[PDB]
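When the chains are written out, they are named A, B, C, D, E, F, G, H, I, J, K, L, M and N in that same order, and each has its own residue count from 1.
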Amino acid sequence: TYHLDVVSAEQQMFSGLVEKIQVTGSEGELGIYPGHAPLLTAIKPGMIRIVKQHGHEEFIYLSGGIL
Amino acid sequence: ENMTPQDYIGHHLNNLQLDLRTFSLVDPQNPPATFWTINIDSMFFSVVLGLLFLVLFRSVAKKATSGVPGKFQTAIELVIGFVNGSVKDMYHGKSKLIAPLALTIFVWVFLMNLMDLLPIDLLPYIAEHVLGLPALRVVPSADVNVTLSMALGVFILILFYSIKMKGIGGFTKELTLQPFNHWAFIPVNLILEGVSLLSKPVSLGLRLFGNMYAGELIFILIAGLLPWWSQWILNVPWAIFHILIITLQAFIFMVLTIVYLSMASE
Amino acid sequence: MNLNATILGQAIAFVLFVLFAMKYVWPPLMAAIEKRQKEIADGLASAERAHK
Amino acid sequence: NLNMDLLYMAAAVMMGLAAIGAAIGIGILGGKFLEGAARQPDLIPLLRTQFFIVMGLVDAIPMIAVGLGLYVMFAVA
Amino acid sequence: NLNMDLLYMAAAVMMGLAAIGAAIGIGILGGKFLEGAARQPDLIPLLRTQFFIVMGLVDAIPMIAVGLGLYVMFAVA
Amino acid sequence: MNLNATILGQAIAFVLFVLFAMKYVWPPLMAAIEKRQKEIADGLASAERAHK
Amino acid sequence: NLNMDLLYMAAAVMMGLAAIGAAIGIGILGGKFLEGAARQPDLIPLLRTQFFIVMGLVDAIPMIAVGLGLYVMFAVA
Amino acid sequence: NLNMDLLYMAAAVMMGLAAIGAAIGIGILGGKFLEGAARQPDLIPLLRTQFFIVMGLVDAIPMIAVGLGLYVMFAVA
Amino acid sequence: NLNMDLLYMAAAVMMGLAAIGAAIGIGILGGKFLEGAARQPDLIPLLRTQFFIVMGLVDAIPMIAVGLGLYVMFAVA
Amino acid sequence: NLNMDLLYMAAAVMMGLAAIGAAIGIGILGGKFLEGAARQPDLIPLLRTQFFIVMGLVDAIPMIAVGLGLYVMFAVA
Amino acid sequence: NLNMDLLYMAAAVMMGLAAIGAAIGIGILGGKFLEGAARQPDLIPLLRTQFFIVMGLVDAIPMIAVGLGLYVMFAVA
Amino acid sequence: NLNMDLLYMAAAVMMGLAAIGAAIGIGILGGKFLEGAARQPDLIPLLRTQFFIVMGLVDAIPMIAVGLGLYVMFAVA
Amino acid sequence: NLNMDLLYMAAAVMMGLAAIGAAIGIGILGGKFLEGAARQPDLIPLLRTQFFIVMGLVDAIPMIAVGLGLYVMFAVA
Amino acid sequence: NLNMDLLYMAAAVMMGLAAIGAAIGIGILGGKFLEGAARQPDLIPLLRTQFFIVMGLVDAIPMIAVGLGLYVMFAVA
């Protein structure tokens, strides 16, 4: 697992431990597993899927941002 | 023994055949020219493996438990679920034929290719020395006739579905207009769409044949050319690589068959 | 190599194995499998109706 | 003899050019398959099916050339 | 005699070039299709439609060359 | 040429091939079968609890 | 006399090299087309139009070379 | 023999290499054009005019080779 | 006489073009595998499994040609 | 006579190889020019200037190769 | 006699093409290895391990062709 | 006769491969020169200086090969 | 006699192909090395330490091709 | 004596192939040098240092092949 933060300029939105995430980067869908190489990208407005370790799935709506 | 290796290899390439117009077994060097001359030994193993498949699957199909399955049952249902998942991803019509056709192709071709792994001289040694028959080469899929028989069956199916599901008006409309959609192009498009359709099955058959035929030809060359102590070191790497070939060549035969029938009907 | 009557012989064996598999082998196995998968999903439907 | 020896060279050309064409074309497609698998592993099952679909188109003419090469060297010999 | 013998080499060169041309062009187009699909899986049915459209165009000329190669081997022999 | 030695070399090669095939190739298949038996046993036990 | 066989050789050379050129050129162009389509899906009819515009331009010399190879093989030889 | 068949072979070489060069060079150029067009969905005419200018450069030298091939086809032979 | 060296030359062509095709195809595939491995390192055993699957197809034609090369060299001298 | 008639093959190779080299090398250079123009359309005439500047070097060797090919074809042969 | 001429020519063409295949195939692989290392060198020993694993597959066919070239050159002389 | 013929064929290969080497090598180099220029035009004169230094190496070895080709055509006759 | 002329032709082929293979393989690998050093100038030590490691494998077969070319040119011919 | 003329083809082929491979190998390497320079121009002398180091290896085999090209054309002749 790895650590995930979803942070807005105002307040924090998620701080759990994750096994993987799926996002829509600007240049396409993108799925981050553990150990993934350093990367920087914008993300498009729309949902992110988290699977918290032990496999618990949830959807967070984001108005955009940078990953 | 009066074997030169080049002749030993020559004997190993030859089949056993029967003349349908004279009922004579064919000679080590003298074939009859008439096309009515069945390749008996590959037919024998081809049907023996088709029978063994249908026996095993019908035996579980009559036994089948809806509870926790038996271990053998588990392996047969595993392959049934793998086939069904592939078909249902690629195909969306109701046609009842597609799934059993894909299963029969996959399992039959897998078992045929699996016959090549067996030591090349052991069954020919039994068949000549015990039964006296002049030749044996056991891999059914290592002959063009079988793979073209299967490919031409699929070609007949492709034409049957493409007529049945969109009719001669649409079928000719596809074969004449696309790609360039104008009458002067229609003579050209009739050529291109015709040879494309002809290439789909024939390449289907030849893909399986070339890989299996050369796969056997390597074991023949390894047995003929090399001394006993050296034969294992080259043989083992090729046998284990061949396992990957035999599996992929079966799986590709199945998948391309489904892709062609789904593309034709839908 | 030698294109041969075996092409017909194999075609006959092929179509016979397809028809026996299609009627006799595929529906029994898929019916037992789907009967299990369905009755498990009926367990899921019962747990939802219980809570609701 | 005058007629037979050249045929082995003609087949050797058919097989060599088919081997280059199939091996490089499949290598290119496989490379884009492995990139796609690296960006989104959950797609790997879906993309492997798309790989086999497109790979079935790639090797069709190379396999035609391999078949006719094996016919010339074995059947006409 | 050379009339008979050399025509198998002429077919061999036609089939080898048609195999390289078709396999490379389809390999590149398919690779760009697979990377596009991996980036945009919801687009996959749409892109697959355009892929078969554009691959028909790519495929057209090599099938001419293979068809004549078969006519040179069998028909004029 | 020593045809008997060629059959000797084919036997030795097959013994080595079956050693590699059994030890590496078979446990992955048996583990996939036993995985699916575990998967079905858990699926049925959870549906049975949903009935009560 | 032997004078006809090399005309089949010439037609084999020219048609093969035209099939290589056309197939690889259309493969690269169509690949970049599909990349663009994958980014901007609503744009696909516009890009498809522009693709056809360049698509005709790449194959003009291949079409000349195939025409001349048909001329040599069927009409002269 | 020794005269005319070598002339047909030389023409086939000239035009086959011309078809290779022209088709690949414009295929690359058009691919970069389509990538720019998909990036700039408004500048399609502004870019395509530049494409026609540099395409004119790419096509002019193989067209010299095609004219020389047609000279050998009709005017020498 | 000529017959032996012409068949050795035919095998030498088959092996040379097979070695080019296999080496370039696996080089391209390996490059995309390594850039994928540098990206998702914990996935390296998974991606390596997919690499072996696609490598089996890339090797498929080169091994056909190698075997026929060995047949022409040893089996018909 | 063969002494002249065979020199046409030399001229065909010399100019044909110059044709593929010039067409692909300009096709690459023009493609990078078109991407530079597509990213910054404010900048087109300066890039067009530098493109013509290096395009002269690119053409320099091919144009002497075609010139000597024409000289051998017209004046020597 | 004449056979030694062609036996050395066959050995030279086979080993030369095997050298082109091996050298380019490893060069292409190695570039993606370097670019992957240059972004995050901590991976270098891991990626170098994978580099050797895939490089051993690259050399399969080229080294076979080298072995047959050596046998043709020394043992067949 | 043939003595004079073969030296012109030797020039045709020498100049044709030198034309390909010069054309591609500068086409690639100038393509990257144009990309770096399009990113930062104020930088253009410095990159133009480095480009001509690197080009001098690319351009020298073909140009000496062409010079040896002209030596073979004119002075060796 | 003829033997030395075709021996020198064979060695010429073997060394020309080995020079192509070593040149393109090192050119690609060096290009990615120069990128890597530009991305982290500080690491231009470690990257060079690797680059040599990869270059040894890239060169290993071409060095054999040169070695046997010199063996033929100066011992056999 | 035919011995006189055949050496010129063996040299012309060696120097033509060494010119293609050296010109493309330095063209690629210089391209990555130029895009490196356009990103960090203060580094341009340091990257020049590495570029000349790597260029010496790229040239190492081509200079050998041109040196024997001259030796065959002047000194064996």
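One rule holds for everything that comes next: a residue touches a chain if its C-beta (ideal position, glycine included) is under 8 Å from a C-beta of that chain, and two chains touch if they have at least 3 such contacts.
A comparison of the B-F and L-N interfaces places the larger number of contacting C-beta pairs at L-N.
Relative to the whole-protein C-alpha centroid, the nearest chain centroid is that of D.
In terms of their C-alpha centroids, the spacing between subunit E and subunit K amounts to 29 Å.
We define each chain's centre as the mean of its Cα atoms; on that basis subunit B and subunit I are separated by 24 Å.
Averaged C-alpha coordinates put the centre of subunit I at 21 Å from the centre of subunit M.
Along subunit M, residues 2, 6, 9, 11, 13, 16-18, 20-22, 24, 26-28, 31-33, 35, 37, 51, 62 each make contact with two or more other chains. Residue positions of subunit C touching 2 or more other chains: 1-2, 36, 39. Chain contacts: subunit A has residues 28-29, 33, 37 touching two or more partner chains. Subunit I makes touch with subunit D in their complex at residues 2-3, 6-7, 9-11, 13-14, 16-18, 20-22, 24-29, 31-33, 35-37, 39-40, 43, 46-47, 50-51, 53-55, 57-62, 64-65, 68-69, 72, 76. Taken in their complex, subunit C has these residues touching subunit B: 1-11, 13-15, 17-18, 20-22, 24-26, 28-30, 32-33, 35-36, 39.
For subunit I in complex with subunit K, the residues that touch the partner chain are 2, 4-6, 8-9, 11-13, 15-24, 26-28, 30-35, 37-38, 41, 44, 48, 51, 55, 59, 62, 66, 69-70, 73. Listed in rising order, the residues of subunit A touching subunit K in the complex are 37-38. Only residues 70-71, 74-75 of subunit D touch subunit C when the two sit together in their complex.
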